Amino acid sequence: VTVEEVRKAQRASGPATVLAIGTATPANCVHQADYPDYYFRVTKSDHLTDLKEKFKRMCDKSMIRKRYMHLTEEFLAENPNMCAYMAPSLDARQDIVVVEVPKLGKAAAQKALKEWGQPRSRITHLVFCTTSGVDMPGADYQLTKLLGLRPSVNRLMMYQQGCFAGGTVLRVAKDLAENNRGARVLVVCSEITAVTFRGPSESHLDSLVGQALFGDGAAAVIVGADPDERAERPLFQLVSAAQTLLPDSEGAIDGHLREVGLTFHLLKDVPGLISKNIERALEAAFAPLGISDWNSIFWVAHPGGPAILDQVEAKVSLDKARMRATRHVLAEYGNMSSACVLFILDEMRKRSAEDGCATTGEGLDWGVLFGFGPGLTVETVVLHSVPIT
Amino acid sequence: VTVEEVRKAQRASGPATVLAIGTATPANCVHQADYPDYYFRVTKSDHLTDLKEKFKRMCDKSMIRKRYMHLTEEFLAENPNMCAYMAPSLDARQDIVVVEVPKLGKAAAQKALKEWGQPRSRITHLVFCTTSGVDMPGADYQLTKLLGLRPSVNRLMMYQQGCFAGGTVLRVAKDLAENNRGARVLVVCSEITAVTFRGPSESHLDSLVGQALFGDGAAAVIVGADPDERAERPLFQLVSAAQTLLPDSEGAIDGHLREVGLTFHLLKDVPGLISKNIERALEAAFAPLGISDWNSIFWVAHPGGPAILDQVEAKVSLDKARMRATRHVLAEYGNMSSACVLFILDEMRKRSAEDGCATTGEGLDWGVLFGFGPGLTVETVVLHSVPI
Ligand SMILES: CC(C)(COP(=O)(O)OP(=O)(O)OC[C@H]1O[C@@H](n2cnc3c(N)ncnc32)[C@H](O)[C@@H]1OP(=O)(O)O)[C@@H](O)C(=O)NCCC(=O)NCCS
Ligand SMILES: O=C1C[C@@H](c2ccc(O)cc2)Oc2cc(O)cc(O)c21
Ligand SMILES: O=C1C[C@@H](c2ccc(O)cc2)Oc2cc(O)cc(O)c21
């Protein structure tokens with residue numbers, strides 16, 4: 001009868017908890033050892049032998065062993081506008097991603113739901129995040145139909161976000177789960193590089209870097225507060241989430257949706273900008289918790305490129321073991337934009353079980369998740385591990 | 001310190017409350033009575049006389065007296081591909097809205113921030129919503145710079161949502177404010193029709209209807225729980241928020257971002273689907289609260305078109321006064337997509353104050369806000385007014 005009464009009956013008690021993770025990728029695998037030859041072949045750029053030597057360096061130094069890509073040679077050969085550096089092609093790219101992004105996210109969400117063990121109808125919110133394609137109704141609507149979620153699911157469609165949004169979706173799901181008693185949030189990031197694939201331009205080497213780094217993939221997490229201990233198995237606790245813009249980082253990471261598709265700009269200051277600011281972000285997150293030793297917490301960081309992990313490592317004097325879960329996902333999947341950190345969370349807890357650690361976070365109790373992206377924005381999520389019996 | 005201690009010392013206690021509302025439009029104004037001549041002239045389509053008759057009737061029946069459009073005749077004369085029905089023009093349209101959408105948002109945000117009267121640094125969250133254009137970094141980042149908000153403001157960027165997103169942003173802001181002690185959420189919906197404006201085609205009358213209804217505008221709202229009694233002024237309380245998809249509505253409203261810009265497609269009698277279904281949403285939102293008389297609550301409904309309001313009003317036998325503020329915004333502003341319900345909320349609390357109503361909701365205590373859009377999606381936000 002009163003709003004205060006509704007607010008007490010509404011709202012949950014405990015902190016947002018990750019209850020399941022699942023991941024999926026296209027079946028087409030592309031090995032980095034073959035990509036320089038493959039890429040310069042299908043883009044009819046073999047005559048640019050000087051540029052091809054540069055690409056061989058980037059692919060050799062990428063610390064990427066393989067990527068999964070929906071795009072095939074057979075398809076590209078039928079789509080020369082997408083193989084040119086810059087040709088009319090947004091319509092052709094949209095036709096792929098508008099169908100394939102929700103399709104890939106469905107593959108990931110099914111695995112998360114399966115491990116969750118609860119009926120799909122219990123899912124109350126859906127947070128769908130992509131950086132490839134836009135459409136009305138959005139990919140959130142398509143996924144809802146594909147999975148058969150209830151029609152009254154509360155959907156949040158995060159479009160054209162960039163690579164920091166892996167942390168964004170957890171910050172979003174945290175407030176949804178925590179403010180709504182019983183809420184169970186399905187979170188899906190799904191990325192498909194058909195929107196960004198393009199040929200090589202000697203005058204835009206930062207775009208060439210994108211071609212050596214970005215890959216396809218989707219990851220799904222189910223987040224909820226007040227877990228049913230009898231039926232749900234917690235993995236991580238979401239303690240706090242923050243976003244920030246880095247000083248003097250204007251223009252560091254740009255991306256425009258145009259008739260030639262999604263373009264990509266990237267300054268060489270990106271590794272320096274992140275490494276030089278990461279400690280301010282760590283202090284902001286962990287000082288109120290009383291934590292100052294960055295080697296005593298587990299680490300999840302978006303692997304924008306190997307140079308970012310190298311310079312964050314050196315700047316903060318991390319032990320090589322702390323970036324292992326991050327470097328493994330980079331090596332085995334490449335840069336999947338917003339889905340990366342969720343993949344790393346999945347790899348963190350799996351290895352923690354296989355190795356016999358005390359917790360899902362490599363035996364450590366507290367952890368941090370970092371997303372980096374256009375802004376330059378940095379998303380920081382404090383995590384807490386769960387004991388492994 | 002445990003994670004439990006954090007949660008307790010992290011959350012707010014009270015309900016999310018609307019503390020300030022500001023609106024803004026482009027200055028360039030077009031009266032509907034003049035638009036068929038203007039629209040057919042600038043699109044070089046005066047020779048399709050039968051189509052023009054159809055478009056007059058579209059405009060006559062729209063119940064819109066005027067709309068604001070950033071696009072001017074001088075600009076359009078230099079952009080023939082945007083005046084054609086179907087010509088490559090995404091790049092030009094993007095070039096417009098990527099700059100003008102946050103600019104119009106700051107005009108409304110500055111009004112709301114002035115009414116709120118608190119320092120801009122106190123803003124902790126920003127929810128920016130637009131259906132006109134996309135970009136990385138987004139319009140939320142542009143607005144942060146233009147307003148001098150703190151670099152650490154938590155931004156949510158809602159792109160390509162559609163007309164129902166005026167309710168979506170309140171549903172987002174509700175959980176941000178309520179779950180974070182001290183959080184003050186700036187909510188900005190900004191819409192500019194340069195992405196959908198296109199010439200007429202005789203085989204695409206659904207697109208032509210959009211040319212009759214859609215206008216430009218931006219609206220800003222500041223949301224927080226636990227208001228300061230001396231320094232802040234509650235206008236409305238967000239009680240609950242829900243989203244649903246209507247049965248048998250597949251494909252009723254589709255919109256595709258293509259190389260010719262944002263196209264618009266209708267397929268399944270939108271006024272019938274909303275009114276056939278509105279009572280279910282009312283009962284879902286208000287049966288837990290013991291209300292069943294849909295005339296006992298104030299109404300804010302997204303004015304997608306007059307037919308939606310007519311059939312919904314007739315389905316639940318609404319007194320003509322319940323739809324008044326909604327129809328006034330439709331008449332003086334057109335269909336401004338996500339921003340419409342925020343304009344109506346402002347009109348309602350102002351008109352309730354101009355006249356001597358007891359509450360900000362036209363003298364009533366409880367209220368309902370509806371967003372309608374692609375899905376068919378219905379957003380339902382239960383409101384509670386504030387005594388004047
Ligand atoms: C690209 C990268 C993998 C190359 O590995 P490396 O061992 O550092 O080798 P280099 O530093 O010499 O870079 C290789 C070449 O690409 C170029 N390169 C690296 N970053 C570049 C950038 N933003 N723009 C243009 N060229 C770049 C270098 O100039 C170099 O060309 P060169 O042989 O003529 O000197 C590494 O620099 C890296 O990880 N950069 C981070 C990229 C990034 O910001 N990712 C975030 C994506 S949002
Ligand atoms: O090249 C390396 C680095 C190595 C490593 C990681 C962390 C650490 O602390 C020490 C060594 O792990 C790996 C594990 C692999 O399966 C394959 C590899 O190629 C590598
Ligand atoms: O640091 C590396 C190197 C990486 C790698 C191997 C081969 C290759 O061709 C490219 C990258 O594999 C890894 C695999 C891991 O599980 C953990 C790691 O730390 C690493």
# chains A, B, ... in the order shown; residues from 1 in each chain; ligands from 1

call {"tool": "closest_atom_pairs", "arguments": {"of": "chain B", "to": "chain A", "cutoff": "6 Å", "atoms": "only C-alpha atoms", "output": "tab-separated table"}}
result
residue	atom	partner	partner_atom	distance
B:91	CA	A:258	CA	5.5
B:135	CA	A:256	CA	5.3
B:136	CA	A:255	CA	4.9
B:137	CA	A:374	CA	5.1
B:151	CA	A:245	CA	5.1
B:152	CA	A:244	CA	4.1
B:154	CA	A:243	CA	5.2
B:159	CA	A:159	CA	5.6
B:175	CA	A:175	CA	5.8
B:179	CA	A:179	CA	5.7
B:243	CA	A:154	CA	5.2
B:244	CA	A:152	CA	3.9
B:245	CA	A:151	CA	5.0
B:254	CA	A:136	CA	5.5
B:255	CA	A:136	CA	4.7
B:256	CA	A:135	CA	5.4
B:258	CA	A:91	CA	5.6
B:259	CA	A:259	CA	5.5
B:374	CA	A:137	CA	5.2
B:375	CA	A:137	CA	5.7

call {"tool": "residues_near_ligand", "arguments": {"ligand": "ligand 2", "cutoff": "10 Å", "atoms": "only C-alpha atoms and all ligand atoms", "output": "VMD selection string"}}
result
chain A and resid 63 to 65 318 to 328 331 to 332

call {"tool": "write_last_selection", "arguments": {"atoms": "C-alpha atoms", "output": "CSV table (one decimal), in the first residue's frame"}}
result
chain,number,residue,atom,x,y,z
A,63,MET,CA,50.9,-14.1,-29.0
A,64,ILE,CA,47.8,-15.6,-30.8
A,65,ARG,CA,48.0,-19.2,-31.8
A,318,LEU,CA,53.2,-8.8,-11.4
A,319,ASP,CA,54.3,-12.4,-11.2
A,320,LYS,CA,54.1,-14.2,-14.6
A,321,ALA,CA,51.6,-16.6,-13.2
A,322,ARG,CA,48.9,-13.9,-12.6
A,323,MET,CA,48.4,-13.2,-16.4
A,324,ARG,CA,48.3,-16.9,-17.3
A,325,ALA,CA,44.5,-17.2,-17.6
A,326,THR,CA,44.4,-14.0,-19.7
A,327,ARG,CA,47.3,-15.1,-21.9
A,328,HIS,CA,45.8,-18.5,-22.5
A,331,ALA,CA,46.6,-17.5,-27.4
A,332,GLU,CA,43.6,-19.9,-28.0

call {"tool": "residues_around", "arguments": {"residues": "residue 253 in chain B", "least_positions_apart": "2", "cutoff": "12 Å", "atoms": "only C-alpha atoms", "output": "PyMOL selection string"}}
result
(chain A and resi 135-138) or (chain B and resi 161-164+206-207+210+246+249-251+255-256+263-271+273+304+372-377)

call {"tool": "write_last_selection", "arguments": {"atoms": "C-alpha atoms", "output": "short mmCIF file (atom, residue, chain, number, x, y, z; two decimals), in the first residue's frame"}}
result
data_model
loop_
_atom_site.label_atom_id
_atom_site.label_comp_id
_atom_site.auth_asym_id
_atom_site.auth_seq_id
_atom_site.Cartn_x
_atom_site.Cartn_y
_atom_site.Cartn_z
CA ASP A 135 19.14 -3.96 -35.66
CA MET A 136 15.60 -3.22 -34.47
CA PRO A 137 14.38 -5.29 -32.71
CA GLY A 138 17.88 -6.11 -31.47
CA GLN B 161 16.63 0.94 -28.97
CA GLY B 162 13.48 2.41 -30.49
CA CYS B 163 10.41 4.19 -29.21
CA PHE B 164 10.00 2.10 -26.08
CA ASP B 206 4.67 2.51 -44.05
CA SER B 207 7.87 4.50 -44.54
CA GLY B 210 7.08 7.75 -40.43
CA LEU B 246 3.42 -8.99 -27.16
CA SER B 249 3.55 -9.27 -32.80
CA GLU B 250 6.51 -10.73 -34.76
CA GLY B 251 7.72 -8.14 -37.24
CA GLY B 255 14.10 -1.00 -38.37
CA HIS B 256 17.35 -1.72 -40.21
CA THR B 263 14.69 2.20 -42.73
CA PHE B 264 11.28 1.75 -41.14
CA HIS B 265 8.80 -1.10 -41.70
CA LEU B 266 5.37 -1.89 -40.23
CA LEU B 267 3.47 -5.11 -40.75
CA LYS B 268 0.84 -6.05 -38.14
CA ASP B 269 -1.60 -3.32 -36.97
CA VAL B 270 0.30 -1.88 -34.03
CA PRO B 271 -2.72 -0.09 -32.46
CA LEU B 273 -1.81 -5.31 -30.71
CA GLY B 304 3.64 6.43 -31.31
CA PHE B 372 5.92 0.93 -27.06
CA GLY B 373 8.29 -0.11 -29.80
CA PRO B 374 9.88 -2.84 -31.89
CA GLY B 375 9.21 -6.33 -30.57
CA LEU B 376 6.39 -5.51 -30.13
CA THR B 377 7.89 -4.36 -26.85
#

call {"tool": "residues_near_ligand", "arguments": {"ligand": "ligand 1", "cutoff": "9 Å", "atoms": "only C-alpha atoms and all ligand atoms", "output": "PyMOL selection string"}}
result
chain A and resi 51+53-55+57-63+162-163+204-210+212-214+252-254+264-271+302-310+335+337+372-374

call {"tool": "closest_residue", "arguments": {"among": "B:59, B:108, B:257, B:16", "to": "residue 133 in chain B", "atoms": "only C-alpha atoms"}}
result
B:257
